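Following: one structure in structure tokens, then a few remarks.
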Amino acid sequence: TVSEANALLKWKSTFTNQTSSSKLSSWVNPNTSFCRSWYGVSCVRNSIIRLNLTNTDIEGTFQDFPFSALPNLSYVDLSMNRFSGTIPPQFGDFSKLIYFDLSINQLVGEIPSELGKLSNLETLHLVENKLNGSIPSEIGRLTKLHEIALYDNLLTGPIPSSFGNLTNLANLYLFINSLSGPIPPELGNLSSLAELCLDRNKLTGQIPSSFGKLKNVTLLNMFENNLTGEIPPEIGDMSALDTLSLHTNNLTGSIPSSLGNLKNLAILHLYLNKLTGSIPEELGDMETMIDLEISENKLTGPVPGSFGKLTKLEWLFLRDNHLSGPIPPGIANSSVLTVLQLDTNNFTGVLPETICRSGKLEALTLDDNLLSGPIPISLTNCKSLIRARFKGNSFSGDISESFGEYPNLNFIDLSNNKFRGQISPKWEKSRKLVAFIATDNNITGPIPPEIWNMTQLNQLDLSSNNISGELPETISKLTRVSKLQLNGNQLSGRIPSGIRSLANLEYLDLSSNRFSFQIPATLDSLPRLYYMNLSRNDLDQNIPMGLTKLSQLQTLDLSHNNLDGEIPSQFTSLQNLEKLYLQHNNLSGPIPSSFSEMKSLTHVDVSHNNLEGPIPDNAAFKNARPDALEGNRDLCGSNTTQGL
Ligand SMILES: *[C@@H]1O[C@H](CO[C@@H]2O[C@@H](C)[C@@H](O)[C@@H](O)[C@@H]2O)[C@@H](O[C@@H]2O[C@H](CO)[C@@H](O[C@@H]3O[C@H](CO)[C@@H](O)[C@H](O)[C@@H]3O)[C@H](O)[C@H]2NC(C)=O)[C@H](O)[C@H]1NC(C)=O
Ligand SMILES: *[C@@H]1O[C@H](CO)[C@@H](O[C@@H]2O[C@H](CO)[C@@H](O[C@@H]3O[C@H](CO)[C@@H](O)[C@H](O)[C@@H]3O)[C@H](O)[C@H]2NC(C)=O)[C@H](O)[C@H]1NC(C)=O
Ligand SMILES: *[C@@H]1O[C@H](CO)[C@@H](O[C@@H]2O[C@H](CO)[C@@H](O[C@@H]3O[C@H](CO)[C@@H](O)[C@H](O)[C@@H]3O)[C@H](O)[C@H]2NC(C)=O)[C@H](O)[C@H]1NC(C)=O
Ligand SMILES: *[C@@H]1O[C@H](CO[C@@H]2O[C@@H](C)[C@@H](O)[C@@H](O)[C@@H]2O)[C@@H](O[C@@H]2O[C@H](CO)[C@@H](O)[C@H](O)[C@H]2NC(C)=O)[C@H](O)[C@H]1NC(C)=O
Ligand SMILES: *[C@@H]1O[C@H](CO)[C@@H](O[C@@H]2O[C@H](CO)[C@@H](O)[C@H](O)[C@H]2NC(C)=O)[C@H](O)[C@H]1NC(C)=O
Ligand SMILES: *[C@@H]1O[C@H](CO)[C@@H](O[C@@H]2O[C@H](CO)[C@@H](O)[C@H](O)[C@H]2NC(C)=O)[C@H](O)[C@H]1NC(C)=O
Ligand SMILES: *[C@@H]1O[C@H](CO)[C@@H](O)[C@H](O)[C@H]1NC(C)=O
Ligand SMILES: *[C@@H]1O[C@H](CO)[C@@H](O)[C@H](O)[C@H]1NC(C)=O
């Protein structure tokens, strides 16, 4: 005691970067008050049994720790400090030790195999250190152990097979490590095991079939390993499982139908594997299933209609598989299903009428399938919708009658379909909507003026449709639009000067349209614009000087128009211009020879114009092909088609 108090003081005398305010100030008067007023210290019959110095800013090492002087120690918590160095083998000499915690420290080196001498240990905690090497096999001797936590370390080698002998172990936490080799099948002997967390390691081999005897395990985390083979059907015998996470592995083969037997399983993560074959119909017998994610695999065949039996399903992640056949109505029938992602599959047929029958669905993805037919009515009136993606399908129908008002809509993508009809003004009710993309449809009619009132819109893409009419000056109301694509339509009249107001605009494409008359001269107020495709239009007259005030312009394509006159000398203030396509115009006269000052011009086409004179000094003109520079009236000082 009085010896113990001196020993601990001699240890405390080695701590560095200590403060007068340290909680260890109370380590005073060893002769009288060791067992009554010292912080961390606690005694029985006047001998220290409990040292709890957690989070006391102690900086130091365990070298001069008085192992021999504190024999009756049975509770050591030195966690959340700045301890460094190694774990001396004398820690195994605390024959009475029950709880041992050195976590959240800066300890280095291996784990002394002398820890297996601590026969009375019930909890071992060494997490969040830089301990390396392999886990001592003698730790399998501590058969009173209830919980082993070695996570967030640099441990390597395999999990000791001796750990099968830890018949009282309930929790094994080995994640964030570099453990390797196969999972020892003796882990199946852990009848008392509750949580097994081996995730985020470099484990390999197959999942031991003896895991089926782990009848008390409720959490099995083995994700982000390099496990191989197939999911053994004996995993279906782990009846107490509620969370099974095997994702980001290299597993193969089929999904065992025995997984249906897991009546308490609420989370199943199998994604990012190489699983093949059909999804068994027994996976619908997972009555507790909340979050099923088997996306990003090689699964084939149809989704079992038995998925209507998953009445607690909330998240279904089937994306990036080779699933096929029609989508069964059971797959969306859940009253609580809020995320149904099916994109990047080979689904055929039409959408089931059950899609949003309960009005709780929020995320729906169907990108890159072989679907067709109309939008089901329950989806038309699915006011809860937040994210919708229909890209790359053959959906048909009146785009005005197919889509009701979505107040909660945030992102919808109708690209690459066969939608007909006119854009309804109902989309204005989606006041939180920020991106509207409907490329490559058969949409016709005018853009309703309500669309410009949608100020929250960040991205608007109506390209490759058959939309007509003249753009109103109220287009200036799109304050926050930054990607604007109306190209590939039959919009007509002049270009509205209101595009001057879209200051956030970055990428603007109005090409392949029927815009005619002069480009608005005022258009000098787009400081974020790095792209302007006005090509393949009917625009005629001088290239306005306002375009030369668009500093950040990287690409500028005014090709296939009726522009005339000379290329202005004020292009030089577009120092950041890289690609510039002015071909197939009626431009006249020479370049001012200030194009040498401009540098980043690499791809320039000035073909089929009435210009004359010599090409200026920059790469693109030297690197131009015959087609790039052909067609002009008097090309080059020495009538050249290629270099000088
Ligand atoms: C387990 O880790 C220890 C400690 O390694 C140290 O801590 C890690 C968290 C990393 O930051 C390492 O970069 C860091 O070194 C390893 O022992 C260490 O071995 C190296 C040599 O491999 C030692 O460096 C040498 O130190 C001597 C002593 O002055 C010099 O003469 C040499 O020139 C050289 O600098 C290092 O001191 C040593 N650290 C110790 C013993 O605490 C150990 O090898 C490793 N085991 C593995 C990876 O299996
Ligand atoms: C040293 O003393 C500290 C403080 O008493 C001990 O930390 C305690 O550790 C337990 C471990 O579970 C914490 O229990 C948890 O408490 C929360 C509510 O705080 C509860 O909701 C959880 O279910 C859980 O039981 C406890 O909070 C925590 N106390 C503090 C103040 O952080 C530490 O365990 C002691 N170590 C030794 C060896 O005596
Ligand atoms: C601005 O938009 C226009 C179209 O609205 C883009 O111009 C043209 O796009 C077509 C795409 O099919 C190109 O046609 C094809 O070109 C290849 C080239 O090898 C040719 O082999 C095919 O037979 C076909 O003609 C066309 O070249 C292209 N024209 C230009 C001038 O690019 C244009 O690309 C868009 N602007 C930018 C900067 O991309
Ligand atoms: C291609 O352009 C030439 C150039 O004419 C321009 O006309 C003005 C717009 C102004 O920019 C002038 O500096 C240019 O000369 C067209 O040739 C003109 O055609 C008109 C007939 O409408 C005639 O009155 C002019 O005298 C012509 N100019 C010259 C120099 O001959 C030409 O018609 C244009 N071709 C196409 C297909 O658009
Ligand atoms: C603290 O440890 C000491 C030994 O380091 C224990 O002292 C022994 O106690 C037993 C029975 O109480 C005696 O037979 C021995 O002769 C004692 N040895 C010494 C060197 O004193 C002491 O009992 C322990 N106390 C607690 C509370 O565990
Ligand atoms: C296990 O699967 C992973 C997939 O995440 C593989 O990691 C990829 O390997 C290839 C190169 O061989 C590339 O696609 C990437 O460089 C890797 N990382 C990815 C895709 O994130 C890993 O090689 C597989 N292990 C095997 C087959 O033993
Ligand atoms: C004490 O803290 C300072 C500041 O972080 C650090 O530079 C130093 O290495 C620490 N240790 C000693 C012995 O000064
Ligand atoms: C587990 O304990 C038994 C008991 O005798 C022993 O024979 C066996 O070798 C132990 N396992 C390992 C891997 O050492």
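Residues in the structure tokens are numbered from 1 in each chain, the chains being A, B, ... in the order shown, and ligands are numbered from 1 in the order shown.
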Among segment 257-433 of chain A, which ones does DSSP assign to helix (DSSP H, G or I) (computed from the backbone)? Answer as a ChimeraX atom specification.
/A:257-261,281-285,305-309,329-332,377-380,425-429
Same residues, N, CA, C and O atoms, saved as an mmCIF file, in the first residue's frame:
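Everything below was put into result-v4.cif:
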data_model
loop_
_atom_site.group_PDB
_atom_site.id
_atom_site.type_symbol
_atom_site.label_atom_id
_atom_site.label_comp_id
_atom_site.auth_asym_id
_atom_site.auth_seq_id
_atom_site.Cartn_x
_atom_site.Cartn_y
_atom_site.Cartn_z
ATOM 1 N N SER A 257 -30.863 -20.713 -50.372
ATOM 2 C CA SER A 257 -32.258 -20.565 -49.971
ATOM 3 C C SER A 257 -32.445 -20.738 -48.469
ATOM 4 O O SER A 257 -33.487 -20.342 -47.935
ATOM 5 N N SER A 258 -31.463 -21.327 -47.781
ATOM 6 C CA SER A 258 -31.528 -21.467 -46.331
ATOM 7 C C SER A 258 -31.587 -20.122 -45.619
ATOM 8 O O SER A 258 -31.950 -20.075 -44.439
ATOM 9 N N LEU A 259 -31.228 -19.030 -46.302
ATOM 10 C CA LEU A 259 -31.332 -17.708 -45.697
ATOM 11 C C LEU A 259 -32.772 -17.348 -45.355
ATOM 12 O O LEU A 259 -32.998 -16.463 -44.523
ATOM 13 N N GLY A 260 -33.748 -18.020 -45.970
ATOM 14 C CA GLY A 260 -35.135 -17.809 -45.597
ATOM 15 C C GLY A 260 -35.430 -18.206 -44.165
ATOM 16 O O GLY A 260 -36.311 -17.626 -43.523
ATOM 17 N N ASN A 261 -34.706 -19.201 -43.645
ATOM 18 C CA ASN A 261 -34.926 -19.675 -42.283
ATOM 19 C C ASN A 261 -34.599 -18.623 -41.232
ATOM 20 O O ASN A 261 -34.998 -18.781 -40.073
ATOM 21 N N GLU A 281 -36.778 -18.093 -54.114
ATOM 22 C CA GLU A 281 -38.079 -17.628 -53.655
ATOM 23 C C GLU A 281 -38.202 -17.684 -52.139
ATOM 24 O O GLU A 281 -39.061 -16.999 -51.571
ATOM 25 N N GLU A 282 -37.363 -18.481 -51.473
ATOM 26 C CA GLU A 282 -37.393 -18.563 -50.018
ATOM 27 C C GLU A 282 -36.918 -17.279 -49.352
ATOM 28 O O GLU A 282 -37.233 -17.057 -48.178
ATOM 29 N N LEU A 283 -36.163 -16.434 -50.061
ATOM 30 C CA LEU A 283 -35.774 -15.142 -49.504
ATOM 31 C C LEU A 283 -36.969 -14.250 -49.192
ATOM 32 O O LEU A 283 -36.791 -13.210 -48.548
ATOM 33 N N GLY A 284 -38.173 -14.626 -49.626
ATOM 34 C CA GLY A 284 -39.377 -13.938 -49.208
ATOM 35 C C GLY A 284 -39.921 -14.385 -47.872
ATOM 36 O O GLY A 284 -40.840 -13.751 -47.344
ATOM 37 N N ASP A 285 -39.371 -15.461 -47.314
ATOM 38 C CA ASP A 285 -39.718 -15.932 -45.981
ATOM 39 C C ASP A 285 -38.918 -15.227 -44.893
ATOM 40 O O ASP A 285 -38.916 -15.682 -43.744
ATOM 41 N N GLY A 305 -41.707 -13.376 -57.092
ATOM 42 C CA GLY A 305 -42.946 -12.735 -56.686
ATOM 43 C C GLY A 305 -43.254 -12.887 -55.212
ATOM 44 O O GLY A 305 -44.063 -12.123 -54.674
ATOM 45 N N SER A 306 -42.633 -13.865 -54.547
ATOM 46 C CA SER A 306 -42.777 -14.041 -53.107
ATOM 47 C C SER A 306 -42.285 -12.841 -52.307
ATOM 48 O O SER A 306 -42.501 -12.803 -51.091
ATOM 49 N N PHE A 307 -41.631 -11.868 -52.948
ATOM 50 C CA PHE A 307 -41.174 -10.678 -52.240
ATOM 51 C C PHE A 307 -42.326 -9.834 -51.712
ATOM 52 O O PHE A 307 -42.086 -8.920 -50.914
ATOM 53 N N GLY A 308 -43.560 -10.110 -52.137
ATOM 54 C CA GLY A 308 -44.723 -9.529 -51.490
ATOM 55 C C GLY A 308 -44.881 -9.953 -50.045
ATOM 56 O O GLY A 308 -45.569 -9.271 -49.278
ATOM 57 N N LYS A 309 -44.261 -11.069 -49.657
ATOM 58 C CA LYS A 309 -44.323 -11.540 -48.280
ATOM 59 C C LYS A 309 -43.421 -10.741 -47.350
ATOM 60 O O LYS A 309 -43.610 -10.793 -46.130
ATOM 61 N N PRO A 329 -45.495 -7.717 -58.973
ATOM 62 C CA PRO A 329 -46.160 -6.727 -58.108
ATOM 63 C C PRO A 329 -45.747 -6.814 -56.649
ATOM 64 O O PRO A 329 -45.803 -5.804 -55.937
ATOM 65 N N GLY A 330 -45.340 -7.995 -56.181
ATOM 66 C CA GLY A 330 -44.915 -8.162 -54.802
ATOM 67 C C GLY A 330 -43.738 -7.297 -54.399
ATOM 68 O O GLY A 330 -43.576 -6.999 -53.211
ATOM 69 N N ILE A 331 -42.914 -6.882 -55.364
ATOM 70 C CA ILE A 331 -41.648 -6.235 -55.043
ATOM 71 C C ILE A 331 -41.838 -4.821 -54.505
ATOM 72 O O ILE A 331 -40.945 -4.297 -53.829
ATOM 73 N N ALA A 332 -42.978 -4.186 -54.782
ATOM 74 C CA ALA A 332 -43.271 -2.845 -54.290
ATOM 75 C C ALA A 332 -44.455 -2.820 -53.333
ATOM 76 O O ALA A 332 -44.880 -1.737 -52.915
ATOM 77 N N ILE A 377 -50.618 4.213 -62.249
ATOM 78 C CA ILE A 377 -51.327 5.368 -61.707
ATOM 79 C C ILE A 377 -50.866 5.674 -60.285
ATOM 80 O O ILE A 377 -50.742 6.843 -59.899
ATOM 81 N N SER A 378 -50.616 4.635 -59.480
ATOM 82 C CA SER A 378 -50.122 4.850 -58.123
ATOM 83 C C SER A 378 -48.816 5.636 -58.114
ATOM 84 O O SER A 378 -48.517 6.334 -57.137
ATOM 85 N N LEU A 379 -48.027 5.539 -59.187
ATOM 86 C CA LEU A 379 -46.803 6.325 -59.288
ATOM 87 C C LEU A 379 -47.096 7.751 -59.742
ATOM 88 O O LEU A 379 -46.432 8.694 -59.296
ATOM 89 N N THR A 380 -48.069 7.917 -60.642
ATOM 90 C CA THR A 380 -48.509 9.249 -61.048
ATOM 91 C C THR A 380 -48.897 10.103 -59.846
ATOM 92 O O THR A 380 -48.629 11.310 -59.815
ATOM 93 N N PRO A 425 -47.479 22.398 -66.661
ATOM 94 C CA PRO A 425 -47.005 23.337 -65.637
ATOM 95 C C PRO A 425 -47.006 22.765 -64.229
ATOM 96 O O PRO A 425 -46.589 23.463 -63.298
ATOM 97 N N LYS A 426 -47.470 21.525 -64.049
ATOM 98 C CA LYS A 426 -47.491 20.904 -62.730
ATOM 99 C C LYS A 426 -46.099 20.776 -62.128
ATOM 100 O O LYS A 426 -45.970 20.699 -60.901
ATOM 101 N N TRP A 427 -45.056 20.740 -62.961
ATOM 102 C CA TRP A 427 -43.694 20.619 -62.454
ATOM 103 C C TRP A 427 -43.290 21.813 -61.600
ATOM 104 O O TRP A 427 -42.317 21.717 -60.842
ATOM 105 N N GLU A 428 -44.014 22.931 -61.697
ATOM 106 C CA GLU A 428 -43.720 24.081 -60.851
ATOM 107 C C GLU A 428 -44.059 23.798 -59.393
ATOM 108 O O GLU A 428 -43.451 24.389 -58.491
ATOM 109 N N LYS A 429 -45.015 22.899 -59.141
ATOM 110 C CA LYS A 429 -45.341 22.514 -57.774
ATOM 111 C C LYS A 429 -44.187 21.795 -57.086
ATOM 112 O O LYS A 429 -44.163 21.724 -55.854
#
List as a PDB file with N, CA, C and O atoms, in the first residue's frame the protein and nucleic acid residues near residue 516 of chain A, meaning an atom at most 8 Å away when only C-alpha atoms are counted, but skip any in the same chain fewer than 6 places from it.
ATOM      1  N   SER A 492     -37.563  28.538 -81.920  1.00  0.00           N
ATOM      2  CA  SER A 492     -37.422  29.486 -83.017  1.00  0.00           C
ATOM      3  C   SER A 492     -37.364  30.898 -82.447  1.00  0.00           C
ATOM      4  O   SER A 492     -37.260  31.100 -81.233  1.00  0.00           O
ATOM      5  N   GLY A 493     -37.428  31.881 -83.342  1.00  0.00           N
ATOM      6  CA  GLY A 493     -37.258  33.266 -82.968  1.00  0.00           C
ATOM      7  C   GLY A 493     -35.836  33.563 -82.519  1.00  0.00           C
ATOM      8  O   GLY A 493     -34.910  32.765 -82.675  1.00  0.00           O
ATOM      9  N   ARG A 494     -35.677  34.753 -81.948  1.00  0.00           N
ATOM     10  CA  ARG A 494     -34.377  35.173 -81.459  1.00  0.00           C
ATOM     11  C   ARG A 494     -34.034  34.452 -80.157  1.00  0.00           C
ATOM     12  O   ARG A 494     -34.878  33.819 -79.515  1.00  0.00           O
ATOM     13  N   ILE A 495     -32.771  34.555 -79.774  1.00  0.00           N
ATOM     14  CA  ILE A 495     -32.335  34.073 -78.462  1.00  0.00           C
ATOM     15  C   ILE A 495     -32.688  35.127 -77.419  1.00  0.00           C
ATOM     16  O   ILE A 495     -32.310  36.298 -77.582  1.00  0.00           O
ATOM     17  N   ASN A 537     -27.670  26.533 -86.005  1.00  0.00           N
ATOM     18  CA  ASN A 537     -28.834  27.400 -85.884  1.00  0.00           C
ATOM     19  C   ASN A 537     -28.920  28.304 -87.107  1.00  0.00           C
ATOM     20  O   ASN A 537     -28.158  28.136 -88.063  1.00  0.00           O
ATOM     21  N   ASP A 538     -29.844  29.265 -87.086  1.00  0.00           N
ATOM     22  CA  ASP A 538     -30.016  30.207 -88.184  1.00  0.00           C
ATOM     23  C   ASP A 538     -29.496  31.598 -87.830  1.00  0.00           C
ATOM     24  O   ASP A 538     -29.825  32.573 -88.511  1.00  0.00           O
ATOM     25  N   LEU A 539     -28.700  31.705 -86.767  1.00  0.00           N
ATOM     26  CA  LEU A 539     -28.183  32.997 -86.330  1.00  0.00           C
ATOM     27  C   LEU A 539     -27.364  33.655 -87.434  1.00  0.00           C
ATOM     28  O   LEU A 539     -26.509  33.020 -88.057  1.00  0.00           O
ATOM     29  N   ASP A 540     -27.632  34.937 -87.671  1.00  0.00           N
ATOM     30  CA  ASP A 540     -26.960  35.710 -88.704  1.00  0.00           C
ATOM     31  C   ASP A 540     -26.480  37.031 -88.123  1.00  0.00           C
ATOM     32  O   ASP A 540     -27.077  37.553 -87.178  1.00  0.00           O
TER      33      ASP A 540
END
Output the neighbourhood of ligand 4 as a ChimeraX atom specification, that is, all protein and nucleic acid residues with some atom at most 6 Å from the ligand, counting only C-alpha atoms and all ligand atoms.
/A:564-565,586
Could you dump the residues just selected with N, CA, C and O atoms as a CSV table (one decimal), in the first residue's frame?
chain,number,residue,atom,x,y,z
A,564,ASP,N,-21.6,36.6,-90.2
A,564,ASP,CA,-20.8,37.3,-91.2
A,564,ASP,C,-19.9,38.3,-90.6
A,564,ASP,O,-19.9,38.5,-89.3
A,565,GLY,N,-19.1,39.0,-91.4
A,565,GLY,CA,-18.2,40.0,-90.8
A,565,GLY,C,-16.8,39.4,-90.5
A,565,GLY,O,-16.5,38.2,-90.8
A,586,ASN,N,-20.3,32.6,-92.7
A,586,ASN,CA,-20.0,33.5,-93.8
A,586,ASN,C,-19.1,34.7,-93.3
A,586,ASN,O,-19.3,35.8,-93.6
Got a sec: who's within 9 Å of residue 68 of chain A, counting only C-alpha atoms, leaving out chain neighbours fewer than 4 positions off, as a PyMOL selection string?
chain A and resi 90+93-94
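Inspection of the environment of ligand 1, which uses only C-alpha atoms and all ligand atoms and a cut-off of 8 Å, identifies the neighbouring residues as residues 85, 86, 107, 108, 109, 110, 130, 131, 132 and 133 of chain A.
Between atom CA of residue 610 of chain A and atom CA of residue 594 of chain A the separation is 19.4 Å.
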Nearest residue to residue 407 of chain A out of A:386, A:423, A:598, A:49, using only C-alpha atoms?
A:386
Each residue of chain A lying at most 9 Å from ligand 3 should get a row with its shortest atom-to-atom pair and the distance in Å to one decimal, counting only C-alpha atoms and all ligand atoms; could you produce that, ordered by chain and increasing number, as a tab-separated table?
residue	atom	partner	partner_atom_place_in_ligand_line	distance
A:464	CA	ligand 3	5 (O)	9.0
A:487	CA	ligand 3	5 (O)	6.4
A:488	CA	ligand 3	5 (O)	6.1
A:509	CA	ligand 3	1 (C)	7.0
A:510	CA	ligand 3	5 (O)	8.0
A:511	CA	ligand 3	5 (O)	4.8
A:512	CA	ligand 3	5 (O)	4.6
A:513	CA	ligand 3	5 (O)	8.3
A:531	CA	ligand 3	38 (C)	7.7
A:532	CA	ligand 3	38 (C)	7.9
A:533	CA	ligand 3	1 (C)	4.9
A:534	CA	ligand 3	1 (C)	7.1
A:535	CA	ligand 3	1 (C)	5.8
A:536	CA	ligand 3	5 (O)	6.5
A:555	CA	ligand 3	38 (C)	6.0
A:556	CA	ligand 3	38 (C)	6.7
A:557	CA	ligand 3	36 (N)	5.7
A:558	CA	ligand 3	1 (C)	8.6
A:559	CA	ligand 3	31 (C)	6.3
A:560	CA	ligand 3	31 (C)	7.8
A:579	CA	ligand 3	38 (C)	7.2
A:580	CA	ligand 3	38 (C)	8.0
A:581	CA	ligand 3	31 (C)	6.5
A:582	CA	ligand 3	31 (C)	8.4
A:583	CA	ligand 3	31 (C)	7.5
A:605	CA	ligand 3	31 (C)	8.1
Nearby residues, ligand 5, 10 Å, only C-alpha atoms and all ligand atoms, as a PyMOL selection string:
chain A and resi 1+43-49+68-74+96
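Our summary of the geometry notes that atom CA of residue 324 of chain A is positioned 25.4 Å from atom CA of residue 439 of chain A.
With only C-alpha atoms and all ligand atoms as the atoms that count, the set of residues no farther than 10 Å from ligand 7 is residues 15, 16, 17, 18, 59 and 60 of chain A.
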Just the number, please: distance in Å from atom CA of residue 210 of chain A to atom CA of residue 192 of chain A, one decimal.
14.2 Å
Show me a table, sorted first by chain and then by increasing residue number, of the residues of chain A having an atom at most 10 Å from ligand 6, each with its shortest atom pair and the distance in Å to one decimal, counting only C-alpha atoms and all ligand atoms and written as JSON lines.
{"residue": "A:204", "atom": "CA", "partner": "ligand 6", "partner_atom_place_in_ligand_line": "28 (O)", "distance": 8.8}
{"residue": "A:224", "atom": "CA", "partner": "ligand 6", "partner_atom_place_in_ligand_line": "5 (O)", "distance": 8.8}
{"residue": "A:225", "atom": "CA", "partner": "ligand 6", "partner_atom_place_in_ligand_line": "1 (C)", "distance": 8.6}
{"residue": "A:226", "atom": "CA", "partner": "ligand 6", "partner_atom_place_in_ligand_line": "1 (C)", "distance": 6.1}
{"residue": "A:227", "atom": "CA", "partner": "ligand 6", "partner_atom_place_in_ligand_line": "1 (C)", "distance": 8.4}
{"residue": "A:228", "atom": "CA", "partner": "ligand 6", "partner_atom_place_in_ligand_line": "28 (O)", "distance": 7.8}
{"residue": "A:247", "atom": "CA", "partner": "ligand 6", "partner_atom_place_in_ligand_line": "5 (O)", "distance": 10.0}
{"residue": "A:248", "atom": "CA", "partner": "ligand 6", "partner_atom_place_in_ligand_line": "5 (O)", "distance": 6.3}
{"residue": "A:249", "atom": "CA", "partner": "ligand 6", "partner_atom_place_in_ligand_line": "1 (C)", "distance": 6.1}
{"residue": "A:250", "atom": "CA", "partner": "ligand 6", "partner_atom_place_in_ligand_line": "1 (C)", "distance": 4.5}
{"residue": "A:251", "atom": "CA", "partner": "ligand 6", "partner_atom_place_in_ligand_line": "1 (C)", "distance": 8.3}
{"residue": "A:272", "atom": "CA", "partner": "ligand 6", "partner_atom_place_in_ligand_line": "5 (O)", "distance": 6.8}
{"residue": "A:273", "atom": "CA", "partner": "ligand 6", "partner_atom_place_in_ligand_line": "2 (O)", "distance": 7.0}
{"residue": "A:274", "atom": "CA", "partner": "ligand 6", "partner_atom_place_in_ligand_line": "2 (O)", "distance": 8.0}
Kindly export the residues of the current selection with C-alpha atoms, as a CSV table (one decimal), in the first residue's frame.
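Result written to part_12.csv:
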chain,number,residue,atom,x,y,z
A,204,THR,CA,-9.4,-14.9,-47.3
A,224,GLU,CA,-14.9,-5.6,-46.9
A,225,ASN,CA,-12.7,-8.7,-46.8
A,226,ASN,CA,-11.4,-10.9,-49.6
A,227,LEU,CA,-13.5,-13.9,-48.8
A,228,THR,CA,-14.0,-16.4,-51.6
A,247,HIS,CA,-20.6,-7.1,-48.7
A,248,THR,CA,-17.5,-5.9,-50.6
A,249,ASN,CA,-16.1,-9.5,-50.7
A,250,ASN,CA,-15.2,-11.8,-53.6
A,251,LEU,CA,-17.9,-14.4,-52.8
A,272,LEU,CA,-20.3,-5.9,-54.2
A,273,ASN,CA,-19.8,-9.6,-54.7
A,274,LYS,CA,-19.7,-12.1,-57.6
Counting only C-alpha atoms and all ligand atoms, what are the residues, protein, DNA or RNA alike, that approach ligand 2 to within 10 Å? I want them as an MDAnalysis selection string.
chainID A and resid 40:42 50:55 74:79 98:101 123
Expected file: the selected residues, C-alpha atoms, as a PDB file, in the first residue's frame:
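To be explicit, this is the file written out as selection-v3.pdb:
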ATOM      1  CA  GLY A  40      -8.201   6.519 -10.166  1.00  0.00           C
ATOM      2  CA  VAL A  41      -7.097   4.457  -7.173  1.00  0.00           C
ATOM      3  CA  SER A  42      -9.461   2.125  -5.310  1.00  0.00           C
ATOM      4  CA  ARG A  50      -8.793  -0.754  -9.302  1.00  0.00           C
ATOM      5  CA  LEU A  51      -6.732   1.747 -11.304  1.00  0.00           C
ATOM      6  CA  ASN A  52      -9.056   3.787 -13.540  1.00  0.00           C
ATOM      7  CA  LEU A  53      -7.039   6.638 -15.076  1.00  0.00           C
ATOM      8  CA  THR A  54      -9.114   6.894 -18.269  1.00  0.00           C
ATOM      9  CA  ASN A  55      -8.984  10.280 -20.029  1.00  0.00           C
ATOM     10  CA  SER A  74      -7.855  -6.498 -11.028  1.00  0.00           C
ATOM     11  CA  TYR A  75      -9.260  -3.479 -12.930  1.00  0.00           C
ATOM     12  CA  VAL A  76      -6.953  -1.541 -15.275  1.00  0.00           C
ATOM     13  CA  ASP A  77      -8.463   1.177 -17.489  1.00  0.00           C
ATOM     14  CA  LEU A  78      -5.702   3.379 -18.924  1.00  0.00           C
ATOM     15  CA  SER A  79      -7.668   4.248 -22.066  1.00  0.00           C
ATOM     16  CA  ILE A  98     -10.413  -9.136 -14.624  1.00  0.00           C
ATOM     17  CA  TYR A  99     -10.771  -6.043 -16.845  1.00  0.00           C
ATOM     18  CA  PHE A 100      -7.858  -4.791 -18.958  1.00  0.00           C
ATOM     19  CA  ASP A 101      -8.214  -1.687 -21.141  1.00  0.00           C
ATOM     20  CA  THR A 123     -12.653  -8.291 -20.866  1.00  0.00           C
TER      21      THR A 123
END
Around ligand 8, out to 9 Å and counting only C-alpha atoms and all ligand atoms, which residues are there? I want them as a VMD selection string.
chain A and resid 137 to 138 140 to 141 160 to 166 186
Do a neighbour search on segment 146-149 of chain A at 12 Å with only C-alpha atoms, toss out local chain neighbours closer than 6 positions, and write the hits as number ranges by chain.
A: 98-104, 120-129, 135, 139-140, 163, 166-177, 190, 192-198
As a ChimeraX atom specification, please: the residues near residue 633 of chain A (cut-off 10 Å, only C-alpha atoms, same-chain neighbours under 6 positions excluded).
/A:588-589,608-613
Residue contacts of residue 335 of chain A (12 Å, only C-alpha atoms) excluding same-chain residues fewer than 6 positions away, as a ChimeraX atom specification
/A:290,308-315,354-361
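Those residues that approach residue 240 of chain A to within 7 Å, counting only C-alpha atoms, are residues 215, 216, 217, 218, 238, 242 and 264 of chain A; same-chain residues fewer than 2 positions away are not listed.
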Which of segment 102-209 of chain A DSSP labels strand (DSSP E or B), written as a ChimeraX atom specification:
/A:108-109,123-125,130-134,147-149,154-156,171-173,182,195-197,204
